[PDB]
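Enquirer: can't give you the sequence, but here's the structure:
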Ligand SMILES: OC[C@H]1O[C@H](O[C@H]2[C@H](O)[C@@H](O)[C@@H](O[C@H]3[C@H](O)[C@@H](O)[C@@H](O)O[C@@H]3CO)O[C@@H]2CO)[C@H](O)[C@@H](O)[C@@H]1O
Ligand SMILES: [Ca+2]
Ligand SMILES: [Ca+2]
């Protein structure tokens, strides 16, 4: 059945890096308000804003110390209320980031929990006595080091999947769950339009927290088999839905690593799924194009079978830039557009991450002091102590680190690319002199205007929202081609995902080119497409 959230195009803002309105180098809510014309003109329907709640910022808002107050760096609740009012008067919607696997260690519940074994908040978090004079088990944090941190006062360890300042909440405690549901409903009562639900596949821990294998005798071992998508999680997520989301006309997208296309039914089926869609991570870990076709096609066909719906994306605040990960910096403009048509025109709701629509790319800062990510700074400290060299650590940070997606948004060629009049919290990528909103708005051939046109064709042609996906030319190691079919219309999406010229055989009573990123050759025959590197074309056929 048709739904507003299926038809939408979403845009993800990382507010610390979107727009600084007051010169302190930190993006803020009045900065977002000042750029709403940009998003409305792009054609965005839904804005997902990353966390904006009170936080010490050990993990840039994902360590929350008050769920009901706004981060001071970003503004006040009055600024939030102005943002939501202006978004809604522009006919757009706003979803917030719901972070309920863990809190800050400065949240009042944790300050109480850590104070005594008998404090009434003790069991709001995950506490355990050590084993053999060390931690309760051998589990590694996702941000490196142990997943357990010792409290000298009470002589027990608390669990943190993420940073030492992000103690995990104990979802086995009914009192925790009840306080969380009241908080979620307090936000929904304000008239927000839903949530992106952070780290939500991590809320169930294997009981007893058993050690995992360690044949290499590492200090700690990766611990996803102890806490990622574990049996028992669905009971908690079904109750979360019944007590909160199901009471409101909203959209939910869960961040759900560890879910595969054949295990997705309980997450996203129309009949009984806990969210409307999830971010799945199987495609985010020459490029093996056939492997990518396999993953994305498994999710297109798999969710069509269960009446689920895909969240389509190639970028977010936790990944490197998609030109580097999936395209080519030697063909930056052409590959940015080719990737855009490829991912955006599958069946699902597309998400655009800030700067993806400009073709922004990874940065390379010379010094570890120029980086911020708690995960990579802890990785550096831990690996340096083990004897890894500075150079080998920097290669990991430069090639894989999510700070590549957190540099200031590139609005123009003024100081700091127009993101701030002060000293940005993270330096601007030097390539803003070439890559910026102002230059792209005036260039018909820009990446930005290619995204504007994708959004327009998807809105104008129902086949691009609701049409059935089918993979074409599966064994072609260069060409990713697929169709969308609805009634008497078929759209053909052709993407030459290679840095070479290629030829491709086109797979009706009328044919139209809907978008293309190279000039068309009038002598070219439809039958024998001669594609340039990273050339994409979308055709609409009337059957
Ligand atoms: O609030 C903490 C943290 O949560 C969100 O992202 C984290 C994911 O929840 C978490 O699973 C982990 O992702 C890893 C995948 O599990 C793994 O399969 C593969 O993709 O590598 C990832 C290593 O991180 O980590 C991410 C954080 O990187 C949230 O969106 C983050 O901003 C936040 O820091
Ligand atoms: Ca600011
Ligand atoms: Ca040609």
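Expert: Perfect, thanks for sending it. Residues are numbered from 1 along each chain as shown. Ligands and ions are numbered 1, 2, ... in the order given.
Enquirer: tell me how far the longest helix that the chain contains is from the chain's mean position?
Expert: Scanning the chain for the helix with the most residues, using DSSP state H, yields helix 289-305. Computed by C-alpha atoms, centre = their mean, to the nearest Å, the chain-centroid distance of helix 289-305 equals 19 Å.
Enquirer: Any buried residues in that helix, and which?
Expert: 289, 292-293, 295-300, 302-303 (16 or more other C-beta atoms under 10 Å). Any C-beta I mention is one placed from the backbone N, CA and C, and that applies to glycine too.
Enquirer: ditto for stretch 255-268
Expert: Within stretch 255-268, the residues that count as buried by 16+ other C-beta under 10 Å are 255-259, 261, 264-268.
Enquirer: any residue of that stretch up close to ligand 1?
Expert: Yes - contact of stretch 255-268 with ligand 1 is found when judged by C-beta under 6 Å from any ligand atom, involving 255, 257.
Enquirer: Span of that stretch from start to end?
Expert: Length of stretch 255-268, first residue to last, C-alpha to C-alpha, to the nearest Å: 12 Å.
Enquirer: One more: stretch 216-229?
Expert: One end of stretch 216-229 to the other measures 25 Å (C-alpha to C-alpha).
Enquirer: now it, how far from the chain's geometric center?
Expert: The chain centroid and the centroid of stretch 216-229 are separated by 23 Å under C-alpha atoms, centre = their mean.
Enquirer: can you list contacts of it?
Expert: Here stretch 216-229 makes contact (C-beta atoms under 8 Å, 6 or more residues apart in numbering) with 137-141, 145-147, 161, 201-202, 204-206, 209-210, 212-214, 256-259, 263, 386.
Enquirer: Report the buried residues of that stretch.
Expert: Across stretch 216-229, burial judged by 16+ other C-beta under 10 Å covers 220-221, 223-224, 226-229.
Enquirer: Show me those that map onto helices.
Expert: Among the buried residues of stretch 216-229, DSSP H puts 224, 226-227 in helices.
Enquirer: for residue 464, what are its contacts?
Expert: By C-beta under 8 Å, 6+ apart, the residues touching residue 464 are 345, 457-458, 484, 491.
Enquirer: The same query, at a cut-off of 6 Å, please.
Expert: Neighbouring residues of residue 464 by C-beta atoms under 6 Å, 6 or more residues apart in numbering: 345, 458, 484, 491.
Enquirer: For the stretch 51-200 of the chain, which segments count as helices?
Expert: Taking DSSP state H, counting those that start in this stretch to define them, one finds helices in the stretch 51-200 of the chain at 77-89, 108-113, 174-188.
Enquirer: Give me whichever of those is most buried.
Expert: helix 108-113 (a mean of 18; mean count of other C-beta atoms under 10 Å).
Enquirer: doesn't residue 262 fall inside a helix?
Expert: Yes - counting by DSSP: H, G, I helix; E, B strand; the rest coil, one finds residue 262 located in a helix.
Enquirer: For ligand 2, give me its nearest residue in the stretch 401-543 of the chain.
Expert: Residue of the stretch 401-543 of the chain nearest ligand 2, by C-beta to the ion: residue 420 (7.1 Å).
Enquirer: circling back to that earlier point, with distance to residue 498 and secondary structure added, can I get the contacts of residue 464 in a markdown table?
Expert: As requested, the contacts of residue 464 are arranged in a markdown table below (distance: C-beta to C-beta, whole Å; DSSP: H, G, I helix; E, B strand; the rest coil):
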| residue | distance to residue 498 | secondary structure |
| --- | --- | --- |
| 345 | 19 | coil |
| 458 | 25 | helix |
| 484 | 23 | strand |
| 491 | 22 | strand |
